[PDB]
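Visitor: The data below comprise the sequence and an experimental structure of the protein.
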Amino acid sequence: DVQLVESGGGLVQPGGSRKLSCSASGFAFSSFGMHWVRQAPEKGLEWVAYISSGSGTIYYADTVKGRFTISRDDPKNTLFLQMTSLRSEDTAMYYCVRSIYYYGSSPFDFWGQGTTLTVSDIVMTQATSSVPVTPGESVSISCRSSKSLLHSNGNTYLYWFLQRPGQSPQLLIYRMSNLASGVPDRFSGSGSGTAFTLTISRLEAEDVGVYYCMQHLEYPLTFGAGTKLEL
Amino acid sequence: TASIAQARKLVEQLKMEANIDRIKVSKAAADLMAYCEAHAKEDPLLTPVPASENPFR
Amino acid sequence: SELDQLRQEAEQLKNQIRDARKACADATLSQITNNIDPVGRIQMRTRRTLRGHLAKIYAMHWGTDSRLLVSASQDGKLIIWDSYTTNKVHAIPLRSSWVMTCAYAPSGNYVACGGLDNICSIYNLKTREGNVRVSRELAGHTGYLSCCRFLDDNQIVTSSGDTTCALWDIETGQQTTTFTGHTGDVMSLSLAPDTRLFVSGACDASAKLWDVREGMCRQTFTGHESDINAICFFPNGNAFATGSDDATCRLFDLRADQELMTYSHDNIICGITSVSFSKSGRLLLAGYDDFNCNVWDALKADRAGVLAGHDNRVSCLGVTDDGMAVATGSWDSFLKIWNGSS
Amino acid sequence: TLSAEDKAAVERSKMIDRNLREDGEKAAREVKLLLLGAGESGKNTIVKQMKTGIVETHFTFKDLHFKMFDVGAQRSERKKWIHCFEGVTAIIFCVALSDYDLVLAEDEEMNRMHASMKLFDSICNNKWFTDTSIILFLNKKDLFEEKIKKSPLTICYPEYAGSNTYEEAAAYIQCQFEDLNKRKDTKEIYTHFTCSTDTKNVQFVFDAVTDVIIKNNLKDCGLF
Amino acid sequence: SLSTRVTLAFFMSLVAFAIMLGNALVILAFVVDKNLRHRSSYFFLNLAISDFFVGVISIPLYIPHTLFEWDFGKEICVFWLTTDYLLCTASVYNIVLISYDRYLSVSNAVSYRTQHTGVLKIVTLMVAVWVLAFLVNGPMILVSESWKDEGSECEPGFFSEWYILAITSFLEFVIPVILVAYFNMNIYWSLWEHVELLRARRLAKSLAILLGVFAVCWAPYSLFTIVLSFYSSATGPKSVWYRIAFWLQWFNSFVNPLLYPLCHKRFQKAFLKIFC
Ligand SMILES: CC(C)CCC[C@@H](C)[C@H]1CC[C@H]2[C@@H]3CC=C4C[C@@H](O)CC[C@]4(C)[C@H]3CC[C@]12C
Ligand SMILES: CC(C)CCC[C@@H](C)[C@H]1CC[C@H]2[C@@H]3CC=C4C[C@@H](O)CC[C@]4(C)[C@H]3CC[C@]12C
Ligand SMILES: CC(C)CCC[C@@H](C)[C@H]1CC[C@H]2[C@@H]3CC=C4C[C@@H](O)CC[C@]4(C)[C@H]3CC[C@]12C
Ligand SMILES: CC(C)CCC[C@@H](C)[C@H]1CC[C@H]2[C@@H]3CC=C4C[C@@H](O)CC[C@]4(C)[C@H]3CC[C@]12C
Ligand SMILES: CC(C)CCC[C@@H](C)[C@H]1CC[C@H]2[C@@H]3CC=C4C[C@@H](O)CC[C@]4(C)[C@H]3CC[C@]12C
Ligand SMILES: CC(C)CCC[C@@H](C)[C@H]1CC[C@H]2[C@@H]3CC=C4C[C@@H](O)CC[C@]4(C)[C@H]3CC[C@]12C
Ligand SMILES: CC(C)CCC[C@@H](C)[C@H]1CC[C@H]2[C@@H]3CC=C4C[C@@H](O)CC[C@]4(C)[C@H]3CC[C@]12C
Ligand SMILES: NCCc1c[nH]cn1
């Protein structure tokens, strides 16, 4: 099965250096672009870096550029993140995310379990922090963007993720309308321009969690604050 | 007895083909002409679309 | 005695069918469509050139989204193209490089190919591993695989050079139905829009109409003087067109059970490799050995235009489901996308 | 002008193009040989020395990678797929010398040796193989010598005025096949006498292929 | 007379235009056709580049200076002398490289076929041709430029010393002639009855034309200047026959695209594809 295992995280001193590894098994690692995404404790998701398939293109977030280096070892199927001058702002759970890019592909479809590190721009808005829900009832979640996510090629690069308590994020909706593989049809993504809605018909116990809307129109990839569903 | 076995099968097949209902060629020609006429406007190759509607500009 | 008597009855039956067709040949399609205005001159430009195959291209097939297409070349490469951007979506290395046919499943999840290896290979395009893998190899033909077409994700029809066509259950890997009756190599097949019938053209210069579920030949169409290489159903499913090595294309009618029109020119002396219809069926596009693609008026048998953009044989062509463009594959290793402008 | 995913899709396409170029360069270096010959002509024995559709044999000899294609299992129409092998480096044709006095099993009235002549003439003069050299293996030489003493060439060749010696009988058969070459300037025929105990058959192919490669380079530059 | 000068200027321009047009097609064929990435194709491109600028830079600057008495500036004359010698010498060294490539393709056909020559190694060979071409005449033109007196003709300053001409002629003409003759002779021997005898006769004619045209176009001027410099006649009025030998050197750039690239099978297909 597809696996992404992170290692190397742990408590480090300020100004130190740490090397994170992501070992991939069960899929063609060299064919996938790879992202590092971090999540501060009791906070939302924040994109860190991207390395493309073939290592030709590398992107960094501004808050880590110059201090972090992302690399891959295709024969060993290992993704690396070399960090230097670590600050207290870097304390987060770092996730290894695979993403393949071709016409009709589903980027960000698989995430790793993540490794925790503790140290001693399009604006995506999810104003509703929490939503009280009951099983079997329809729920709608709203997302907003400062810029229009609809590109001139017809794609609207908006993504929806679900992070159940204790679990890594999972892709629900990619490019604002498409349903990810393995996701029940009750989830539906609707949007236009800068306003997007995720509709969850016949809510169930498993659907409880935090929902993130992400834009993939341009780098840096930015996440919304997140909307939490509670019973 | 290979030839005689093949002969029976070939004869039996020709019986099935000879028992079909055939419409007139004029009737068949009119149907082909009608389908082309009805769908003429939605044929981009027959009537090229404006450049705004052409994915292959 | 018995053999001589039986073969005499076959001749009597052939005369009975020929008389029956002549009885319903009251008029000609040419006479019927004389009044209608011509399509004019059809001018198409090369919008895209797909480069990357390094050998003769032998087959292409559009996906149903009218944007993705798969092409096969004898460099041992199956390529799936994004026709809008000319991006290569996939490159599938073939175990046997002698590929002669390829098919894109209507669902878009599978492609199929096969050639002189006598195998129809099914490739899964949507895997969790992120690569295209062989999902099935359909063995059972004793000759080369000449054409294949998906009915759905689980069924495919193949025509072979062993004079037979087969219907396959992809999940079990077995051919559920075998279609026999051609005395030569079956070179092509076309599915009817409802996928209940399919026509096949063989090297016995005849086209047979087969029932998929019942598994027998309903009608036999003759009139060509040489091997049939290409065949294509009319968009409403009530007719089909063939292309032969005798430099002619013929339009046969299913219900009238006979030829309706011949598409040939005195300058044309080369064989025909591929045939297709426009979305409304008014245009018949044919690929030729003389490096050209001739656009015909289907109703009036007039050469409407010429697609001249290849330096070797036009081996294959296909029209998108939305009718927006036509793709041409060639022995010069290039694919070209054509459509007109207002 | 391109979105983030559009640029990534273009980059993926670039990687595919790089891999296609490498595979094409590797393929062009290999030597492709079309293995032809009638049944019971010693063709199978040749494959073993070289170490249900088309059979491909891969072997390396003196830093040259050979790809030999066997198409004898195919019983379909030859003209529908013979053009697929247009562009092979050379064609290897196997003829059994011991079959001069034999009669074709299926026809029962056609000489077996004469059956190979019409097969050789069709392949040699084929439009798809105008510039393709032919390597001709005359097998069963040890058995051919034995049959010559019992059965002379007069049965196979009624208009033969030569003697019945081993050297003269074999040489006449070789000239009969080479005379079928209607294009003696565009292509060349390399004839070798093989046997089940011979071990120089691979060397002959290497020498013939090396000679073909040199002439191909000279013709490409326009010197010829 | 003015009438003859105008007619001569048109003929010089026609030669210059033919050199540009003849060699631009070779460049165009390389760019358009991606089936032209063999070792020979890059060498043809390098040969066409050096010859192309002969009609773009060398000849059009020469037309007014010679016929219409346009005074070359001290800056322009040194530029024109250095760039013209570089282009002419690079064309000769490209012929050596092309002949050497053909020699290897037949001397060791197996190793030539199975070798993988990347762009980096091929670019090194193309660059080394230009670098070596400059070193033969480039630095010596600059160093010897100060030797000339004011008002002298726009010719390299080392024409006064005959032994310097002998060294440059040996490096740019005599050594290339020997190597091309050696390589083409070994190409003739790579073949080892009427058809075979006829084929060898046709091959011998082709190799003789390649060596003959290069020798005829380069021997006169290379030997004319050495003898004149030996008799201290390198500077002064120039006879008609001296100027004829000067223009034979430039005519090699016109016939080079016709001999090597135009006679190659792969480049012929690219030309047909472009025109059709
Ligand atoms: C293409 C060929 C056949 C015709 C054009 C050749 C021209 C460009 C070359 C060939 C011989 C050259 C001539 C050689 C000799 C002289 C005599 C001199 O006192 C004036 C220059 C002049 C007249 C040259 C002018 C240019 C010239 C005529
Ligand atoms: C005038 C002397 C110094 C020679 C310098 C000429 C240079 C500047 C110009 C003239 C010819 C040009 C080349 C013509 C052909 C090609 C092949 C193409 O696929 C890439 C560009 C490339 C490689 C060009 C690069 C730049 C180039 C080499
Ligand atoms: C671009 C191709 C045609 C090559 C161009 C070279 C020729 C056509 C150009 C380059 C130098 C130019 C000459 C430069 C100087 C003069 C002297 C002037 O009093 C009349 C025009 C005249 C005579 C020009 C005529 C055209 C010319 C000879
Ligand atoms: C790319 C190609 C077109 C470049 C061609 C360069 C030629 C046409 C240009 C470049 C330098 C130009 C010369 C520059 C100076 C002079 C001096 C003037 O008193 C007569 C014209 C004359 C002689 C020009 C003639 C045309 C010329 C030689
Ligand atoms: C630029 C392309 C077209 C040609 C390449 C020219 C190269 C070889 C360089 C190398 C040395 C350079 C020369 C160095 C010195 C001088 C003397 C100065 O008073 C005029 C420029 C001039 C004459 C330069 C011209 C350009 C030059 C000759
Ligand atoms: C010593 C000085 C004067 C030499 C100047 C000429 C050099 C710099 C120029 C002239 C021609 C140019 C070459 C022309 C064509 C090619 C092929 C291309 O695919 C790579 C670059 C390459 C190989 C260029 C390299 C640089 C080059 C060799
Ligand atoms: C500046 C001085 C040293 C230059 C001397 C001129 C002669 C000796 C040089 C200049 C050009 C050189 C050739 C250029 C390219 C090649 C291809 C290489 O694979 C073998 C050497 C070979 C064949 C060189 C042989 C020696 C050579 C002909
Ligand atoms: N060798 C460059 C000088 C020259 C002579 N002829 C033409 N140009």
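Guide: Structure received. Numbers count the residues shown, from 1 in each chain, chains lettered A, B, ... in the order given. Ligands and ions are numbered 1, 2, ... in the order given.

Visitor: Flag every residue of the stretch 51-200 of chain C that's near chain D.
Guide: C:52, C:54, C:56, C:74-77, C:82, C:85-91, C:93, C:96, C:98, C:100, C:115-119, C:139, C:142-144, C:146, C:161-162, C:184-185, C:187 (CB under 8 Å from any CB of the partner chain). (C-beta placed from N, C-alpha, C; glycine too.)

Visitor: From residue A:161, how far off is the residue nearest the centre of chain A?
Guide: Note on chain A: the residue nearest the mean C-alpha position is residue A:37, at 5.9 Å, using CA atoms, centre = their mean. Applying CB to CB, to the nearest Å, one obtains 10 Å for the distance of residue A:37 from residue A:161.

Visitor: Can you pull the residues that touch both of these two?
Guide: Common contacts of residue A:37 and residue A:161 (CB atoms under 8 Å, 6 or more residues apart in numbering or on different chains): A:45, A:169.

Visitor: Helix, strand, or coil at residue C:332?
Guide: Secondary structure, DSSP: H, G, I helix; E, B strand; the rest coil: residue C:332 is coil.

Visitor: right, and residue D:153 touches residue D:111 too?
Guide: No. Using CB atoms under 8 Å, residue D:153 makes no contact with residue D:111, being 11.3 Å away.

Visitor: Residue B:51: how many residues sit nearby?
Guide: 10 (other CB atoms under 10 Å in any protein chain shown).

Visitor: Please pick the buried ones from the residues of the stretch 51-200 of chain C next to chain D.
Guide: With burial judged by 16 or more other CB atoms under 10 Å in any protein chain shown, the buried subset of those is C:52, C:54, C:56, C:74-77, C:82, C:85-91, C:96, C:98, C:100, C:115-119, C:139, C:142-144, C:146, C:161-162, C:184-185, C:187.

Visitor: which residue is nearest the centroid of chain D?
Guide: Centre-most residue of chain D, counting by CA atoms, centre = their mean: residue D:92, 1.5 Å.

Visitor: give the contact list for that one.
Guide: D:33, D:34, D:35, D:36, D:37, D:46, D:68, D:134, D:135, D:137, D:205.

Visitor: could I get those residues as a markdown table with neighbour count?
Guide: Putting the contacts of residue D:92 into a markdown table (neighbours: other CB atoms under 10 Å in any protein chain shown) gives the following:
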| residue | neighbour count |
| --- | --- |
| D:33 | 23 |
| D:34 | 24 |
| D:35 | 24 |
| D:36 | 23 |
| D:37 | 24 |
| D:46 | 24 |
| D:68 | 20 |
| D:134 | 23 |
| D:135 | 24 |
| D:137 | 27 |
| D:205 | 26 |
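
Visitor: Residue E:184 - that's part of a helix, no?
Guide: Yes. Under three-state DSSP, residue E:184 sits within a helix.

Visitor: Now that it has come up, it's in contact with residue E:98, right?
Guide: No. Using CB under 8 Å, residue E:184 makes no contact with residue E:98, being 10.7 Å away.

Visitor: Between these two, which has more neighbouring residues?
Guide: Taking neighbours as other CB under 10 Å, residue E:184 and residue E:98 compare with residue E:98 leading, 24 against 20.

Visitor: State the helix or strand in which that one lies.
Guide: Residue E:98 is part of helix E:74-107 when elements are defined by DSSP states H and E.

Visitor: Show me the strands in chain E, by range?
Guide: Counting by DSSP state E, chain E has no strands at all.

Visitor: got a list of what residue A:155 touches?
Guide: A:175, D:3, D:5.

Visitor: switch the cut-off to 10 Å
Guide: Residue A:155 sits next to A:103, A:149, A:175, A:176, A:177, A:178, A:216, A:217, D:3, D:5, D:6 when contact means CB atoms under 10 Å, 6 or more residues apart in numbering or on different chains.

Visitor: Among the residues you listed, which one sits closest to residue A:59?
Guide: Residue A:59 has its nearest neighbour among those in residue A:216, at 11.9 Å by CB to CB.

Visitor: Among the contacts of residue D:92, which one lies nearest to residue E:194?
Guide: The closest of the contacts of residue D:92, once distances to residue E:194 are taken by CB to CB, is residue D:134, at 19.5 Å.

Visitor: name the element the residue of chain D found nearest chain B belongs to?
Guide: Residue nearest to chain B within chain D: residue D:1 (13.8 Å; CB to the nearest CB). For residue D:1, there is no host helix or strand (DSSP H and E).

Visitor: Is it in contact with residue D:10, as I believe?
Guide: No. Counting by CB atoms under 10 Å, residue D:10 is not a contact partner of residue D:1; they are 11.4 Å apart.

Visitor: Between the two, which has more neighbouring residues?
Guide: Each of residue D:1 and residue D:10 has its neighbours counted (other CB under 10 Å); residue D:10 has more, 16 against 7.

Visitor: you'd agree that one is up against residue C:89?
Guide: No. Contact criterion CB under 10 Å: residue D:10 and residue C:89 do not qualify, at 11.5 Å.

Visitor: Look up how far chain B lies from the residue nearest to residue E:177 when sequence neighbours are not counted.
Guide: Computed as CB to CB, 6 or more residues apart in numbering or on different chains, the closest residue to residue E:177 that is not its neighbour in sequence is residue E:215, at 6.1 Å. Distance, residue E:215 to chain B, by CB to the nearest CB, to the nearest Å: 55 Å.

Visitor: now swap in residue E:43 and tell me
Guide: Noted for residue E:43: a distance of 39 Å to chain B, by CB to the nearest CB.

Visitor: hang on, the earlier thing: quick check: neighbours shared by residue E:184 and residue E:98?
Guide: Counting by CB under 10 Å, 6+ apart, the residues touching both residue E:184 and residue E:98 are residue E:210.

Visitor: Identify the residue nearest the residue nearest the centre of chain E in space, chain neighbours excluded?
Guide: Centroid-nearest residue in chain E: residue E:91, 3.2 Å away (criterion: CA atoms, centre = their mean). Excluding the flanking residues, the one nearest residue E:91 by CB to CB, 6+ apart is residue E:50, at 4.6 Å.

Visitor: I'd like to know how far that neighbour sits from ligand 2.
Guide: Counting by CB to the nearest ligand atom, to the nearest Å, the separation of residue E:50 from ligand 2 is 7 Å.

Visitor: In contact with that residue, which residues?
Guide: E:23, E:86-94, E:129-130, E:133, E:253, E:256.

Visitor: Just the contacts of residue D:92: which are in helices?
Guide: Of these, the ones assigned to helices by DSSP state H are D:46, D:205.

Visitor: Sort out for me which of the contacts of residue D:92 are in strands.
Guide: D:33, D:34, D:35, D:36, D:37, D:68, D:134, D:135, D:137.

Visitor: could you pull out the helices for chain B?
Guide: B:2-18, B:25-38.

Visitor: now swap in chain D and tell me
Guide: Under DSSP H, chain D gives helices at D:4-29, D:43-50, D:112-124, D:141-150, D:166-178, D:201-220.

Visitor: what's the closest non-adjacent residue to residue 50?
Guide: Just going to use chain A. residue A:59 (4.4 Å).

Visitor: my bad, chain C
Guide: Per CB to CB, 6+ apart, closest to residue C:50 is residue C:335, 3.7 Å.

Visitor: which parts of chain E sit against chain C?
Guide: Contact residues, chain E versus chain C (CB under 10 Å from any CB of the partner chain): E:34, E:35, E:269, E:272, E:273, E:276.
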